[PDB]
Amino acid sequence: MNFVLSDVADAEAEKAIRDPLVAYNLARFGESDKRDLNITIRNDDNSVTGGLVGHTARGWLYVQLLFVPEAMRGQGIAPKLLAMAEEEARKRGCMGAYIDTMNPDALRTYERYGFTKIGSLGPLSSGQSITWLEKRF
């Protein structure tokens, strides 16, 4: 058996590791019910300028990406995206949400919104920390 180290992206190799791990997790822990949850912010010509990317699985919303366009900052837009995601997650029957960040301004936004820190690590090479937060419904 050969153990091969690589530093390049490879879709087929990554799939060949992900698929059996997913199958293993299904067999052991039951259905994940993984379902995407995105909110796009779109201008007059339907272009995506920002939004939220996440998903619900195993009763929890994970927010993966959130971007607010420069022109729309300081205007409750990030909280609006979080509120739209939470509303949809509650509809799907979720028990809570989680989120992570290295940005102190995003961290403040999430905390004001109602997330509570669950752990952190750092520093990163650039001096920031990663913080994980949850919000139980």
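Counting begins at 1, following the sequence as shown.
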{"item": "Higher-scoring stretch by recorded Cα B factor average, 78 to 86 or 23 to 31", "value": "23 to 31"}
{"item": "Between the two ranges 115 to 123 and 13 to 21, the one averaging a larger CA B factor in the entry", "value": "13 to 21"}
{"item": "Deposited CA B-factor, highest of 72, 66, 41, 99", "value": "72"}
{"item": "CA B-factor ranking of residue 133, expressed as a third of its chain", "value": "lowest"}
{"item": "Residue 47 - Cα temperature factor, lowest/middle/highest third of chain", "value": "middle"}
{"item": "Among modelled residues of the same chain, the CA temperature factor third for residue 61", "value": "lowest"}
{"item": "Third of chain Cα B-factors occupied by residue 95", "value": "highest"}
